[PDB]
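What follows is one structure encoded as structure tokens, with my remarks underneath.
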Amino acid sequence: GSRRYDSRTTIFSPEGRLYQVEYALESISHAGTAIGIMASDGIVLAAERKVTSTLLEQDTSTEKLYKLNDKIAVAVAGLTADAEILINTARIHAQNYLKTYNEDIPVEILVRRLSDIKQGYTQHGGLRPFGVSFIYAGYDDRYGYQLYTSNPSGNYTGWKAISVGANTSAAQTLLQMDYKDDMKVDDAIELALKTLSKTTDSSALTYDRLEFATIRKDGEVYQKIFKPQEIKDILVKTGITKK
Amino acid sequence: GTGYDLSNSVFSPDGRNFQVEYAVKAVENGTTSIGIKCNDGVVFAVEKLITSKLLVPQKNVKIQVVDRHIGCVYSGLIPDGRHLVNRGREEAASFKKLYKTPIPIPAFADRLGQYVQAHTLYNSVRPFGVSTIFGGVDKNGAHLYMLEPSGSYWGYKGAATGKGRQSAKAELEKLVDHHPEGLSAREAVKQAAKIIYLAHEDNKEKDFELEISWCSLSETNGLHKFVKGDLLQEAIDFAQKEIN
Amino acid sequence: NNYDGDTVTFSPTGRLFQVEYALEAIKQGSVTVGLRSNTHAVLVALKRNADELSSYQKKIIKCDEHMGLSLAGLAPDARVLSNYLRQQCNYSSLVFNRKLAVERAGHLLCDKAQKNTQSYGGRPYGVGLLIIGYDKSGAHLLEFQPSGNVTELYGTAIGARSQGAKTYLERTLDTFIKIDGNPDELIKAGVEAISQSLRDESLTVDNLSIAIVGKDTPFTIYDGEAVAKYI
Amino acid sequence: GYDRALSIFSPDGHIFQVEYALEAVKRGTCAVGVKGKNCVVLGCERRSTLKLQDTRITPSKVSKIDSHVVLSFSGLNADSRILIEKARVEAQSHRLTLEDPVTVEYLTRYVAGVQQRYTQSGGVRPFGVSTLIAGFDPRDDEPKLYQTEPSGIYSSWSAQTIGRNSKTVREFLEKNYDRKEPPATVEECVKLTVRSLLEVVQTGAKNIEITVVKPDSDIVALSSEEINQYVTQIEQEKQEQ
Amino acid sequence: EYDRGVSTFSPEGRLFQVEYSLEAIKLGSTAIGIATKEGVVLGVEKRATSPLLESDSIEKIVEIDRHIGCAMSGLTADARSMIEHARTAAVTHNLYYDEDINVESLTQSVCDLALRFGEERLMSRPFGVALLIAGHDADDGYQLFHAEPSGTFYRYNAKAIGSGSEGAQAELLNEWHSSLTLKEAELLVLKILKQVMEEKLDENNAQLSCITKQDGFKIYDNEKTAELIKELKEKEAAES
Amino acid sequence: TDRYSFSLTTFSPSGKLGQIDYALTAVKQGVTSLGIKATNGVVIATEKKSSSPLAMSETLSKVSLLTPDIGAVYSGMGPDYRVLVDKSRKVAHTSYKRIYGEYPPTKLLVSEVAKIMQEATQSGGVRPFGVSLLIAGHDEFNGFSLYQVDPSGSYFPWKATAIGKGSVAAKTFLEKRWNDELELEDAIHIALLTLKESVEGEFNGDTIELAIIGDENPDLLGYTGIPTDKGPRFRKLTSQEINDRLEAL
Amino acid sequence: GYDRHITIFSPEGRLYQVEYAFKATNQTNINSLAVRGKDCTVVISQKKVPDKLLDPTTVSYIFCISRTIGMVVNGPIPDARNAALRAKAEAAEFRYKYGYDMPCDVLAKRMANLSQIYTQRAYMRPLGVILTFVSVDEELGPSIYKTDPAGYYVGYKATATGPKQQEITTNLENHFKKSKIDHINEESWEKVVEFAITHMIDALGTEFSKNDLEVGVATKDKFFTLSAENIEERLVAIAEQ
Amino acid sequence: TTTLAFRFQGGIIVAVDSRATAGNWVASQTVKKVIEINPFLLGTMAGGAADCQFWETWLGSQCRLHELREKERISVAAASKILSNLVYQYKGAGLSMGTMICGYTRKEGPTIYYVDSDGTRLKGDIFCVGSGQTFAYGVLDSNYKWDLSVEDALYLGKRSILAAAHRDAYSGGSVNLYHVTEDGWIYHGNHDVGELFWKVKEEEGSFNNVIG
Ligand SMILES: CCCC(=O)N[C@@H](CO)C(=O)N[C@@H](CC(C)C)C(=O)C(CO)CO
Ligand SMILES: [Mg+2]
């Protein structure tokens, strides 16, 4: 029958490793770098666009940063289409939680739901996993500001600062060097921009090659996706470009 | 590359489905079976290889009937032939239920052909290991058809399949060439007995039992009946006289 | 050999190797013989034992008061097939108040077995069945193979070394065909036939099973001391 | 739809997918469980890459199945999440239908049955997870410690470890656990557990989790400072022997 | 080889997965059964993998019903599904018929479940466990059945399964007679277990149980088994 | 039966999704098609490569309307594109117009077709689509937009781009010829000039297909009497208009 | 390897099964052509009856799909009849659901969509047939639309299919370059049948008897197939040309 | 029907009648309305005869399965809840049953649970179910006290079922008596009303509404 063509995507290697999970992580390793930093009063997400050209529109472009609800956002590294599938499911689950409990979904619950969705593909169904890694930046009343990551294995972890995609080792070393616990959100913006500029593969770091977002505080939490002009302003403000 | 013949419904670089051709190989290794369309009907005949004398004679019937007017004989995997005949019986039943009239021979042929051809579209199923000679009398007269494991079927003045298919075919052609006006029903019965006896020579090591049925507009009133009794013995004697 | 992976693959010769391997599973099974006259039909079964502490496995299965079978091969597949045959006889009796003809039972088994030789996933049944029955047409004996081919015979044998009993019945045909109205002589002929298929054994009370069906005799199975008179 | 038999037999009588799941368990964090006279202690190893990791929000290795029964694991953490969810749902269902919380053995048998089912179903791979389930049966002060493997086997243990370098910890436990005298005090049991972890944990504390289980739904996870106290006691007594 | 189906015949006429599962059963703990006229006896090697393992939690002999017990050997995790099926079969037969289920019928139901594998959903592989089903009913008295993942089952006066089954079968064949008593059967089971065991046989790594028409199916506690072991030692010491 | 219930697109050890790369390869061998966004409209163009001169070119329409304000062109395997445009037209109604009464924005329809393609790269027993699409649309709150959708399901917004054989050369041309002050007529002119390099044979209205998303066409509405019903912005250029704009190069 | 057996992409972006189905279309060694008249559409095909045991009247590759649509198939007769039955079903369902006769091009698009499905889903093999639909559509006039195993479909001013396809194609191209129109400027369908037979005899270089041809004519609100006697009339009238 | 069960110092007393009626027709006078689920578990029957008999036999099957799986006697709470969830699955379908699960376990002591086809499940010390529950309730409540002797409690249950059998037309036949102690249940005989009435009238001096 068809059993000869079945690649068996949900089997174990003799070492106890999932072939497809490892290969999808290797795939994500070539994706644009994304960084999340959790300050004491905010969270910062930054990412570099792998797709670059003079003719690419940036105003209407959303490739790496996505809104899940009004208090949680994601930085994406990997297959953007699998990412959009998972983001749609996550938005639906957040709105389900809202309809059921009349409260915004706690960040870890949403992250765990999305990680369970990811893990399902690695145990049954005989389908390929999602070639996407996520950095979730969120806020809830129970734990405050939260930063999580999720890889195709379905495993998820919580971080003060973290990076996914290309040059994760260099970015993680730089963050471990320059991260302090009591820092504010603006210092985190500066640190994220510095790490992206030091780990980029391009000549210089411009506004057109990166996406930026901040979840900060009026007693309320505001989620800001940075526009190209705001990105250019913050770049010239942190001393990475001039005018 | 290679491996094109390992799965069904796989096109080879020359555009062939090797599994169907292997099914045809399975067909050719079967016993001889023929059909002769005469002036007002059709006659079907088959050789039954009597492997031992422990076989109860006149039992173990091979000729099958669909509805009351269709006769079917097949060479190859006997169980695949029975399966195909069961499907054809379901088709004829549904056709009668919806349209009241018994299913015409071309309509029934297309039912069988679509079924067999569908069995060559997927790797999850094996093609039919039979070739089938069938037919009968409808409102448009007598019809004889032969259907291949590929799903290909055609209308024939005469048809033959199995081991002795070559000799049989030749004999059939002689008939078509000698009297183009046609044979009568009983004449066709005796001639089918002759052709089965002649085609048995390719299996002359083991003894055989002749089996003949017919569907004639005048001799059987359009119904399918086994040729038995005095007429069967008459055909057997005609065959004995024609071989010697 | 790349053509023996499943039942949906024809070999270039036109063969179905999984069906052939099921037949070979039969040939490794214990010997059982069946024969019939014009009024009766007998199954004799040499049931095999795993060892001397083992039980000689049940080898004859009743399907209805007028029909039964003996098996050679994979006992589970014979259980499945015998249950199907029981259900078909039961359906005949319930819906039509009609004892199922033995020929029709053979046809139904043929179709049930053929369904497994053409579909991916699953296998042909690894059993051969000898089916005896008395119906409105008299006595009947049928041989059933996993290929689906069912054939009506006066006598036959299946299992290991079955050719001895086969040739014995081929020679004794005109003798046992005329044992009408004397079940003991028919059973003795069947036991001599099954004895012709022994190499380093001899029939005893533990390894013998007999089954009889006939004109005024419903399908009955004799096991143990009941068969001692035929040894 | 997808029902292909992934876990099948090999000619030597092995189900390679289950053994590879055991392999995945062998590369997971170490987990140890020790039965006291009136408590069960579960210790767990954290990885040393905790640089920048947020310990407040990161999932802990010891998950509470019910007020009286807790579960730790070794292997793939996502499979563990699936198993833990199934176990918690079954515990609430047992409360609902029997009007009595699950026994540690019943919960263990349910988890092991799920794992076994996964080695027998088509289209699915086994769990790369082995579990230690600890607690006290309702209205009982006898400790219970059970272990389940990806194959579906489960068994009771006076003390047991699974995961990476668990053979060293197992040798230490076989040497230093007396059936005649189990650790009487909670302190003695926690001390034995942190010693068992330190045999393989080359970082010391902060890379050690400890959860104590006492009867009648008393469950407490030790803070890093209490673990540091125990570790300093172990280091002081290390020179003695 | 994954390049074939689970329901695939070998050229010799055997099911690959069935034979391989039998090979897996050969690797399991030893389980021996002896059927007498005073009852049936089932013994198993517990086989602890570490001194820390509490040997009491090794349930390799289970109760199907008050008159039917079971001993498992091989991948004992696979046994659970069969044990629940058999317990449900016995209780359901008692519900439908107000009587105890015949031992052969219970074994047949288990084996009907056994070959329900392949690729309308079934299990993917055969069981990796073999069963000794001991019981008593009024029709055939005391019975001991051996149930394989092949769907086939046999009846035995005595039968040994698992690791070291060959020599155990030989010993049983030599030492079994029809007039064997229950205690004699217990001692013989303990003897063969001690012979094929890789450790010194004691009450902690060997479990004994029996089925009597009077008292049903009872698993011997540690003390009775220890006394039987001491009595076997005394019996063996009184030989020349 | 359908035994193909498993993914036919898996990760290689290098991390590549082989079938997606091979579908992109199949796209690269497709006829050149380009799109250019202006300030008052968008233009999409392609070459009408007919195999036989006996074939009628008008039936082989490579530019397809999706909504009255959104059109599409492709490079790759024609039939995949045809079934994709059918699915897109259907989903524009089922998932949006029947819910909100208005046609969907360009980005949302693009994401729906991207979801279809991503399903094709992950569902059981199916190959990815062998096409890349250029979707040119206009909505009230985003203005004019031009998106490119790949077999992987990835989509990106372009000021101007090209796909197919002459993709690299055409894109270089567009990069050195495009500015944010461009007009719809200037964009049509640049599109014609860019196609002139990617078409070696005859270059007339009969051999090229060109369409625009510009202003609303009340004459193409079919009815009058609803002041809010402005008309369709998608308009396919006729061969005569193409010739009139070619004669003045 | 296996990318040559199912409809998936080769590293060169090719579907080898589709190409091999295209190859299978020429298995019957029969050529056919289709031409458009003033108000009709003619299809001629070769009629090869090799066996003397065959009923020639049942040997056909032209199908009456609807009362207005005719279909000639280049390929094996099992796949031909499969596609023909599917087309008849689709045309009847169209007339029922939408209240007007299915247009030729719409049926072509339907069959082409099914072919595309076969080339994208792996469980179903492509049909090794090339389908030529002819009609006199109420909105388009004489129409010829062709569909191939690849899922491609297109209309033609005239067309030809088979092994000697290119020769007939060249002849027709030359005639239409000379004639400067896209059809046959003849009023009667008999004259268009004559034209088609003449140009096939010229392109193939072989004469035809009445038993060597199959002629299907589509006129307004009718599609029929000529008998051997009607074809003999056409040939006899050709003799004077 | 009239069934009653009450717990006191000495354990549990269970007392039922034995009459089954199909309308005004007395279908039977010898119906066993106590199911002996196990040596420590009894179940009373009141309502549809088929419903009660069938579902309590099924409950006994479920309790046997529980013993086989958990190697432990099922609790009274668990058995009552099994039956309760079963009948609630059929709520509205037309099941008519009113049962009392009475038992002793080492965990919860002696326990009486009332279950009905409505899905109601109640734990209690005294219960009377059936068409004649009010009649038995009168006598039982008027003569109940916790510190009753086993003899006195047996006689109180017998007398309450007798009073119900007297006044209620649909109750009668024979009183079936059971005593549940820590060691399990003990049957205390089938007492025909046709003689017990006159015996109690003579010895007790009650039933002065009757001629005799
Ligand atoms: C012939 C069968 C017809 C039947 O089922 N009658 C029922 C209800 O009319 C019935 O006999 N119920 C008894 C209970 C016993 C029989 C278990 C009862 O509960 C009281 C009234 O509640 C007696 O009337
Ligand atoms: Mg295909």
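Here the protein sequences line up with chains S, L, R, X, Z, Y, V and C, keeping their order.
Residue numbers are given in this note's numbering: position 228 of the first sequence equals residue 257, and the series is strictly consecutive.
Residue numbers are given in this note's numbering: position 28 of the second sequence equals residue 98, and the series is strictly consecutive.
Residue numbers are given in this note's numbering: position 21 of the third sequence equals residue 24, and the series is strictly consecutive.
Residue numbers are given in this note's numbering: position 169 of the fourth sequence equals residue 256, and the series is strictly consecutive.
Residue numbers are given in this note's numbering: position 236 of the fifth sequence equals residue 258, and the series is strictly consecutive.
Residue numbers are given in this note's numbering: position 56 of the sixth sequence equals residue 392, and the series is strictly consecutive.
Residue numbers are given in this note's numbering: position 53 of the seventh sequence equals residue 147, and the series is strictly consecutive.
Residue numbers are given in this note's numbering: position 79 of the eighth sequence equals residue 1556, and the series is strictly consecutive.
For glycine and all other residues, C-beta sits at the position ideal for the given N, C-alpha and C.
1. Thinking C-alpha only, which one of L:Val-90, L:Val-143, L:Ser-103 and L:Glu-312 is nearest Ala-230 of chain L?
2. Residues of the stretch 120-138 of chain S with a CB closer than 7 angstroms to any CB of chain X: list them in chain order, please.
3. For a cutoff of 8 angstroms on Cβ pairs, would you count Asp-9 of chain R as touching chain S?
4. Are there any heavy atoms of ligand 1 lying less than 7 angstroms away from the beta-carbon of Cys-1529 of chain C, as far as the coordinates show?
5. Let me make sure I understand the geometry here. Which of L:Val-200, L:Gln-184, L:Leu-147 and L:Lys-170 has the alpha-carbon closest to that of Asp-137 of chain L?
6. Exposed or buried, what is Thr-122 of chain V when buried is set at 16 or more other beta-carbons lying within 10 Å of its beta-carbon?
7. Indicate whether at least one CB of chain V lies closer than 8 angstroms to the CB of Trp-224 of chain L.
8. How many Å lie between residue 49 of chain V and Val-309 of chain V at the Cα?
9. Compute the minimum distance between the beta carbon of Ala-216 of chain V and the heavy atoms of ligand 2, and state whether it is under 7 angstroms.
10. How about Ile-100 of chain V: is its Cβ closer than 7 angstroms to a heavy atom in ligand 2?
11. Are the beta-carbon atoms of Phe-480 of chain Y and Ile-549 of chain Y separated by less than 8 angstroms?
12. Please state the DSSP three-state secondary structure of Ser-154 of chain X.
13. Are the beta-carbon atoms belonging to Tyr-247 of chain V and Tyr-239 of chain V less than 8 angstroms from one another?
14. Is any heavy atom of ligand 1 found at a distance shorter than 7 angstroms from the C-beta of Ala-199 of chain X?
15. Give me the residue from Y:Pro-440, Y:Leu-520 and Y:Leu-353 with the minimum Cα distance to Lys-373 of chain Y.
16. Mapping DSSP to helix, strand and coil, what is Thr-313 of chain V?
17. Return the chain-ordered list of same chain residues with a C-beta closer than 6 angstroms to the C-beta of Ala-309 of chain L, the five sequence neighbours on each side being excluded.
18. Name the chain Y residues that come within less than 7 angstroms of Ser-194 of chain L, Cβ to Cβ?
19. Which partner residues of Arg-177 of chain Z appear in the DSSP bridge assignment?
20. Tell me whether the stretch 106-124 of chain L and the stretch 277-286 of chain L touch, counting them as touching only if at least three CB pairs, one residue from each stretch, are closer than 8 angstroms.
21. Could you check how far apart the C-beta atoms of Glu-296 of chain X and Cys-131 of chain X are, in whole angstroms? I think they sit under 8 angstroms.
22. Going by DSSP, what residue range makes up the beta strand (DSSP E) through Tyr-251 of chain S?
23. I'd like to know if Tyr-225 of chain R contacts chain L, where contact means its C-beta is closer than 8 angstroms to some C-beta of that chain.
24. When you compare each of R:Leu-88, R:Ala-53 and R:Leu-72 to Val-36 of chain R by their alpha carbons, which one comes out closest?
25. Given the structure, does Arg-219 of chain V come close to ligand 2, in the sense that its CB is under 7 angstroms from one of the ligand's heavy atoms?
26. Could you list which residues in chain X have their beta carbon closer than 7 angstroms to that of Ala-1555 of chain C, in chain order?
27. Compute the minimum distance between the beta carbon of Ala-1482 of chain C and the heavy atoms of ligand 1, and state whether it is under 7 angstroms.
On the basis of the supplied data:
1. If we check each option's Cα against that of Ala-230 of chain L, L:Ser-103 comes out closest.
2. Cβ contacts with chain X come from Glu-137.
3. Residue contact with chain S for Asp-9 of chain R: present (Cβ-Cβ distance below 8 angstroms to some residue of chain S).
4. At a threshold of 7 angstroms, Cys-1529 of chain C counts as near ligand 1, since its beta carbon sits closer than that to one of the ligand's heavy atoms.
5. When each option's Cα is compared against that of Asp-137 of chain L, the closest is L:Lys-170.
6. Buried, because 16 or more other Cβ atoms sit within 10 Å of the Cβ of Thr-122 of chain V.
7. Look at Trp-224 of chain L: its C-beta is under 8 angstroms from a C-beta on chain V.
8. Chain V is shown only over 95 to 335; residue 49 of chain V falls outside these bounds and no answer can be derived.
9. At least one heavy atom of ligand 2 is nearer than 7 angstroms to the Cβ of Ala-216 of chain V, so yes.
10. Proximity of the beta carbon of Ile-100 of chain V to ligand 2 is indicated: a heavy atom of the ligand is located closer than 7 angstroms.
11. Going by C-beta atoms, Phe-480 of chain Y is nearer than 8 angstroms to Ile-549 of chain Y.
12. DSSP places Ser-154 of chain X in coil when its eight states are reduced to three.
13. The criterion of a C-beta distance shorter than 8 angstroms is satisfied by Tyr-247 of chain V and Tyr-239 of chain V.
14. Not so, every heavy atom of ligand 1 lies at least 7 angstroms from the Cβ.
15. It is Y:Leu-520 whose Cα lies nearest to the Cα of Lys-373 of chain Y.
16. The answer is strand: DSSP assigns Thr-313 of chain V an E or B state.
17. Excluding positions up to five away in sequence, the list reads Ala-263, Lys-264 and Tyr-267.
18. By Cβ distance, chain Y contributes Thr-337 and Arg-339.
19. Note: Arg-177 of chain Z sits in a beta bridge opposite Z:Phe-167.
20. With a cut-off of 8 angstroms, the stretch 277-286 of chain L and the stretch 106-124 of chain L count as touching, because enough Cβ pairs lie within range.
21. Between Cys-131 of chain X and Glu-296 of chain X the Cβ distance is about 4 angstroms, and since that is below 8 angstroms, they are a contact.
22. 251-254 is the extent of the beta strand (DSSP E) around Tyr-251 of chain S.
23. No, because no Cβ of chain L sits closer than 8 angstroms to the Cβ of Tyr-225 of chain R.
24. For the set R:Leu-88, R:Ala-53 and R:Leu-72, the Cα lying nearest the Cα of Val-36 of chain R is the one of R:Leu-72.
25. Yes.
26. Near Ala-1555 of chain C (Cβ distances below 7 angstroms), the residues of chain X are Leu-185 and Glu-186.
27. No, Cβ of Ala-1482 of chain C sits at least 7 angstroms from all heavy atoms of ligand 1.
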